[PDB]
Each structure stands twice: as structure tokens, then as C-alpha cells.
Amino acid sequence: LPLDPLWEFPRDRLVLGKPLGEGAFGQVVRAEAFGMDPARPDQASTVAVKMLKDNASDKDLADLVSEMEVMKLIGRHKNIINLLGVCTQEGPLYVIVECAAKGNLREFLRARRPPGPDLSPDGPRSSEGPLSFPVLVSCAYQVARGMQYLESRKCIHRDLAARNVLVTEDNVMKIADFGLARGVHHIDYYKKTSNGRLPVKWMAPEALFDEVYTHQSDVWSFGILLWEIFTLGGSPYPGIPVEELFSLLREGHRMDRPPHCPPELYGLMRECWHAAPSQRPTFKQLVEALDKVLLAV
């Protein structure tokens, strides 16, 4: 690999820490970095480091290099996980990115569900959970802003889901993945992850049936992500196995309106799931629509 002085970071300024997850596309580890800002060479910061698994092949390495190159090109935005540096010289390939201290959006919501009626009232805020409507709307708005930026850079995500949105210490939403060379020509549609996820449930129909991905396919997934947010991390198409999902999508089945969700937001969900990709909103329109809701509250 050639040395790119713009992005290269000395590997000896990293102290690797706890693994944050392994996947098909490598492994991600928490690390401490010293002097990420060259103006403060001894300053510590917490970053995340992507690297190859133990017995990885050439395709795996090419896949990670491909990811590195895409991230260089994408540039910086508040609502995406940003590239910080790379280690390409004299040792294993490292791709260094921002660390989002609160983990992924799905787990963030599920850990913050309101207290149930089993509660015994204790103090003046027994009924008040950590999550409020305007903050949920702000989460959706931020994801839409990041997706609008990604679309402007001609980037199609292809697995937009709450699992792939990360949450910073300041509750800022950051689109990640946790994928890139997604192998769209050999998806196991029946795949269930170790946490029980069925990723086929986020795919637009034209992607699933016709293997066509566009920015409007990501808009479909965003609708699913909106449903995730307003169910506080619920699993889509509850109780529906993959075999039945296929036939229900062919009949044009859509998820019901979830409890305690205003019609404005179920309205947006159903717009995102219009059969014709051209009749779904663009991310620009979703940003504007959610902004209006945010201002009203």
C-alpha cells in the first residue's frame, strides 16, 4: 500500500483496547490515540479502529482498502462516522474513525424505554422515562441530514438501519457501517444475526426482488428506521418470518401504525414505503418535513 501523507497516522500512537464487534467485513476495536490533532501531539482521544480478522484473505484486504478509499472521498459531516486516519505502512491495515460513546441507536433506544406499570412510584418523576418525543424526532432528523449528505456524494448505503446508526456522548446521530462491499449478489435472505436481526426486513422491494439499489431504496429503509425509532428499538414486521414476508410484500402489506406515534410520523413512514420509488420522498424532503415537526415542538 502507498503512503498517503494526508491521512497517514503513526500506528505507535494507538493503544488498542476492547473489541466493539466482529463481522464479515473485519473487526472493530476501541482505542486510545495520542496526537490525533497534530497541534497537540501528546493529547489523548478515544477512537475506533477497523482492521482485518485473524485469518483474512486477499478479498478481505481489498474490501477494507475499498472501505478506506470510500471514506476518504466522502468528506466530513456531523451526522456520519468520520474518518480520522489510516495506518497503512509497516504493519496491519488500520482504518481509524470517530468513536460514538453510547453505541448503536437500536441498543440506545431499547435501554431507554419508559418505566412499566410494575413500577412503585418513587419521587416526582416516576412516570417520566429518558426519551421524549422531540428528542426522538431529532434523532430521525439527524439521520435524514446524514443521508442527504451521503446522497449528495453519490453514496448509496444499502443497509440503513438503527443498528448502523451510532450515538455520541452528546446524543448526535452518526451513520456508520459495519459493512461496505455488501455482496449484493449473494445475500442470504433467511440470515438471522446473533442478536436475532433479519436484515431482509429493511430492503426495498426493488432491491429484494429486482436487485436494484438507488437513493430511493435507502429512503424505504429510512422508513423502516423511523418505525424502529418510534417503537423505541422494536423489530420490524413483528412475528413475520422471512417466508411470509416475501408473500406479504408481493401483496403490498405494510406495517401498522405503532402505539403512541402521531399520524404525522406514521404518515411519513407510509410515504417512504410507496411501491414506486419515484413516489417516495427524497431525503431533502424528509429533512424539511422533520424540521417542520422539530420547530413545532
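Numbering starts at 1 and follows the sequence shown.
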So 161-169 or 68-76, which one's hotter by mean CA B-factor in the entry? 68-76
Between 152-160 and 222-230, which has the higher average C-alpha B-factor in the PDB entry? 152-160
In terms of recorded Cα temperature factor, pick the maximum from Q216, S120, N104, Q142. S120
Report the option among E32, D54, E264, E271 whose CA atom has the maximum B-factor in the deposited record. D54
Using the B-factors in the PDB entry, rank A296's C-alpha atom against the chain and give the third, lowest, middle or highest. highest
How does the C-alpha B factor of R11 compare with the rest of the chain: lowest, middle or highest third? middle
Sort the modelled residues of this chain by their C-alpha B factor and say whether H186 lands in the lowest, middle or highest third. middle
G252 by Cα B-factor - lowest, middle or highest third of the modelled chain: middle
Divide the modelled residues of the chain into thirds by Cα B-factor and specify which third, lowest, middle or highest, holds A24. highest
